[PDB]
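> Structure in structure tokens, see below.
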Amino acid sequence: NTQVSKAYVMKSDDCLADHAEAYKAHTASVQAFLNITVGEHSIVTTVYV
Amino acid sequence: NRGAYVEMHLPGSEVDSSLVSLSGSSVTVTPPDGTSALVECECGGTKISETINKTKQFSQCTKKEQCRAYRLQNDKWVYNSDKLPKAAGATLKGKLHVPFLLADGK
Ligand SMILES: *[C@@H]1O[C@H](CO)[C@@H](O)[C@H](O)[C@H]1NC(C)=O
């Protein structure tokens, strides 16, 4: 008598919420959140560096 | 119903040795009420008698051990488990959503 069995690998049902993600990171960009006070005039700004 | 799913499949025939009995020193298959039972026998002349619904007496086979009765359901689908025999042909019949999925909280 014969029995055929096969198996395979698939994503887990929780992969939508529990997954690590692998990135390639390069060319960082710097920003600053500065309080600037000039001549009694104050402002809060975001400045690209 | 979130993203996840599993597959519900057409079940395979489940052998039942209670159907086969020895009535008059000859085998007799009594399928359950309103259910087919394919009878496969290997005595003199192979028996492939599928469409029996009420009762069938086989006198060719004199022993219960040389006949096998398989219950046929073919109406309610089952999970694609590995501890169940596979039905012939295409079996994929639908998708069952997976409850209690992992979720974010505090
Ligand atoms: C900078 O500005 C923020 C804006 O509300 C303020 O909360 C903070 O106190 C300021 N910092 C200084 C040193 O004044």
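Here's how to read the names in the structure tokens: chain A, B, ... by the order shown, residue numbers from 1 in each chain, ligand numbers from 1 in the order shown.
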Return as a count of residues only the residues belonging to chain A that are within 9 Å of chain B, counting only C-alpha atoms.

8

> Can you list, as a list in words, every protein, DNA or RNA residue that comes within 7 Å of segment 37-50 of chain B when you count only C-alpha atoms, leaving out same-chain residues fewer than 4 positions away?

residues 31, 60, 61, 66, 67, 68, 69, 70, 71 and 72 of chain B

> Emit the selected residues as a CSV table (one decimal), in the first residue's frame, including C-alpha atoms.


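Written file, part.csv:
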```
chain,number,residue,atom,x,y,z
B,31,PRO,CA,-25.2,1.6,5.9
B,60,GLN,CA,-19.1,-14.1,-2.3
B,61,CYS,CA,-17.0,-13.0,0.8
B,66,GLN,CA,-11.8,-9.3,3.6
B,67,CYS,CA,-14.3,-6.4,3.2
B,68,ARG,CA,-14.1,-2.7,4.0
B,69,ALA,CA,-17.0,-0.3,4.2
B,70,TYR,CA,-16.3,3.4,3.8
B,71,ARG,CA,-18.9,6.0,4.9
B,72,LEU,CA,-19.5,8.7,2.3
```

> Using only C-alpha atoms and all ligand atoms, determine which residues fall within 10 Å of ligand 1, then list them as a CSV table (one decimal) with C-alpha atoms, in the first residue's frame.


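Below you can see result39.csv, which holds the result:
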```
chain,number,residue,atom,x,y,z
A,33,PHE,CA,13.2,72.0,16.4
A,34,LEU,CA,14.6,75.5,17.5
A,35,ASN,CA,13.2,78.2,19.7
A,36,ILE,CA,14.6,81.4,18.2
A,37,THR,CA,14.4,84.7,20.1
A,42,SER,CA,10.2,84.6,19.8
A,43,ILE,CA,9.2,81.7,17.4
A,44,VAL,CA,9.3,77.9,17.4
A,45,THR,CA,10.4,76.5,14.0
```

> So, with only C-alpha atoms as the atoms that count, which of B:1, B:10, B:18, B:75 lies closest to residue 90 of chain B?

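So, comparing all the options, the nearest one is B:10.
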
> Can you work out the spacing between atom CA of residue 56 of chain B and atom CA of residue 17 of chain B in Å, to one decimal?

14.7 Å

> List as number ranges by chain the protein and nucleic acid residues near residue 9 of chain B, meaning an atom at most 10 Å away when only C-alpha atoms are counted, but skip any in the same chain fewer than 4 places from it.

B: 76-81, 86-87, 90-95

> I'd like the interatomic distance between atom CA of residue 89 of chain B and atom CA of residue 15 of chain B, to a tenth of an Å.

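Answer for the atom CA of residue 89 of chain B to atom CA of residue 15 of chain B separation: 18.8 Å.
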
> Suppose you want the space between atom CA of residue 13 of chain B and atom CA of residue 28 of chain B; what is it in Å?

19.1 Å

> Could you find all residues in segment 28-95 of chain B that DSSP calls strand (DSSP E or B) from the backbone, and write them as a ChimeraX atom specification?

/B:28-29,37-41,47-49,56-58,67-71,78-79,86,92-95

> For the selection you just gave me, I'd like the residues written to a file as an mmCIF file, in the first residue's frame, keeping N, CA and C atoms.


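Final output, out.cif:
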```cif
data_model
loop_
_atom_site.group_PDB
_atom_site.id
_atom_site.type_symbol
_atom_site.label_atom_id
_atom_site.label_comp_id
_atom_site.auth_asym_id
_atom_site.auth_seq_id
_atom_site.Cartn_x
_atom_site.Cartn_y
_atom_site.Cartn_z
ATOM 1 N N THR B 28 -22.506 -8.753 5.283
ATOM 2 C CA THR B 28 -23.673 -7.907 5.081
ATOM 3 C C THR B 28 -23.309 -6.501 5.519
ATOM 4 N N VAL B 29 -23.509 -5.534 4.633
ATOM 5 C CA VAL B 29 -23.214 -4.140 4.919
ATOM 6 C C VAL B 29 -24.537 -3.412 5.096
ATOM 7 N N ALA B 37 -22.409 3.976 1.492
ATOM 8 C CA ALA B 37 -21.245 3.317 2.082
ATOM 9 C C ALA B 37 -20.588 2.469 0.999
ATOM 10 N N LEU B 38 -19.463 2.945 0.474
ATOM 11 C CA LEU B 38 -18.749 2.207 -0.560
ATOM 12 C C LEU B 38 -18.123 0.952 0.034
ATOM 13 N N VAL B 39 -18.413 -0.202 -0.558
ATOM 14 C CA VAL B 39 -17.943 -1.487 -0.059
ATOM 15 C C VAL B 39 -16.911 -2.028 -1.033
ATOM 16 N N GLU B 40 -15.691 -2.230 -0.537
ATOM 17 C CA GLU B 40 -14.588 -2.779 -1.314
ATOM 18 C C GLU B 40 -14.214 -4.128 -0.723
ATOM 19 N N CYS B 41 -14.245 -5.164 -1.551
ATOM 20 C CA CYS B 41 -14.007 -6.524 -1.094
ATOM 21 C C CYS B 41 -13.051 -7.238 -2.038
ATOM 22 N N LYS B 47 -15.189 -6.520 -5.197
ATOM 23 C CA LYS B 47 -16.458 -5.812 -5.066
ATOM 24 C C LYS B 47 -16.168 -4.336 -4.843
ATOM 25 N N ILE B 48 -16.755 -3.484 -5.683
ATOM 26 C CA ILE B 48 -16.532 -2.043 -5.634
ATOM 27 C C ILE B 48 -17.903 -1.391 -5.453
ATOM 28 N N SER B 49 -18.785 -2.065 -4.721
ATOM 29 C CA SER B 49 -20.199 -1.688 -4.701
ATOM 30 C C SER B 49 -20.371 -0.391 -3.924
ATOM 31 N N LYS B 56 -27.028 -4.447 1.973
ATOM 32 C CA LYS B 56 -26.596 -5.311 0.884
ATOM 33 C C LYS B 56 -25.869 -6.515 1.456
ATOM 34 N N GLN B 57 -26.289 -7.701 1.034
ATOM 35 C CA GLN B 57 -25.709 -8.955 1.493
ATOM 36 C C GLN B 57 -24.784 -9.491 0.409
ATOM 37 N N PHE B 58 -23.504 -9.634 0.738
ATOM 38 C CA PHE B 58 -22.516 -10.217 -0.157
ATOM 39 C C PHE B 58 -22.222 -11.634 0.318
ATOM 40 N N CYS B 67 -13.490 -7.464 3.726
ATOM 41 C CA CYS B 67 -14.343 -6.418 3.184
ATOM 42 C C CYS B 67 -14.142 -5.144 3.990
ATOM 43 N N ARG B 68 -14.285 -4.004 3.320
ATOM 44 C CA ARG B 68 -14.107 -2.703 3.954
ATOM 45 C C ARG B 68 -15.229 -1.785 3.500
ATOM 46 N N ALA B 69 -15.966 -1.232 4.457
ATOM 47 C CA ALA B 69 -17.042 -0.295 4.175
ATOM 48 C C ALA B 69 -16.604 1.110 4.557
ATOM 49 N N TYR B 70 -16.675 2.029 3.601
ATOM 50 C CA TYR B 70 -16.294 3.420 3.798
ATOM 51 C C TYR B 70 -17.553 4.273 3.796
ATOM 52 N N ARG B 71 -17.768 5.012 4.879
ATOM 53 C CA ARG B 71 -18.871 5.958 4.923
ATOM 54 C C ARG B 71 -18.601 7.115 3.974
ATOM 55 N N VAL B 78 -14.185 19.673 5.738
ATOM 56 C CA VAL B 78 -13.352 19.498 6.916
ATOM 57 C C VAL B 78 -12.072 20.300 6.719
ATOM 58 N N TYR B 79 -11.420 20.627 7.831
ATOM 59 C CA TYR B 79 -10.120 21.278 7.763
ATOM 60 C C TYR B 79 -9.109 20.353 7.098
ATOM 61 N N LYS B 86 -6.955 11.778 2.314
ATOM 62 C CA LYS B 86 -7.271 12.776 1.304
ATOM 63 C C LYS B 86 -8.262 12.221 0.293
ATOM 64 N N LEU B 92 -10.174 21.456 -2.524
ATOM 65 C CA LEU B 92 -10.294 22.761 -1.886
ATOM 66 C C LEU B 92 -11.690 23.324 -2.097
ATOM 67 N N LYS B 93 -12.406 23.552 -0.996
ATOM 68 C CA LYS B 93 -13.788 23.996 -1.058
ATOM 69 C C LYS B 93 -14.038 25.369 -0.456
ATOM 70 N N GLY B 94 -13.169 25.867 0.413
ATOM 71 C CA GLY B 94 -13.365 27.225 0.887
ATOM 72 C C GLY B 94 -12.294 27.652 1.863
ATOM 73 N N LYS B 95 -12.483 28.851 2.412
ATOM 74 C CA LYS B 95 -11.564 29.433 3.380
ATOM 75 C C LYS B 95 -12.303 29.717 4.678
#
```

> Which residues are near residue 26 of chain B? Cut-off 6 Å, only C-alpha atoms, ignore same chain within fewer than 2 positions. Put them as a list in words.

residues 22, 23, 24, 59 and 62 of chain B
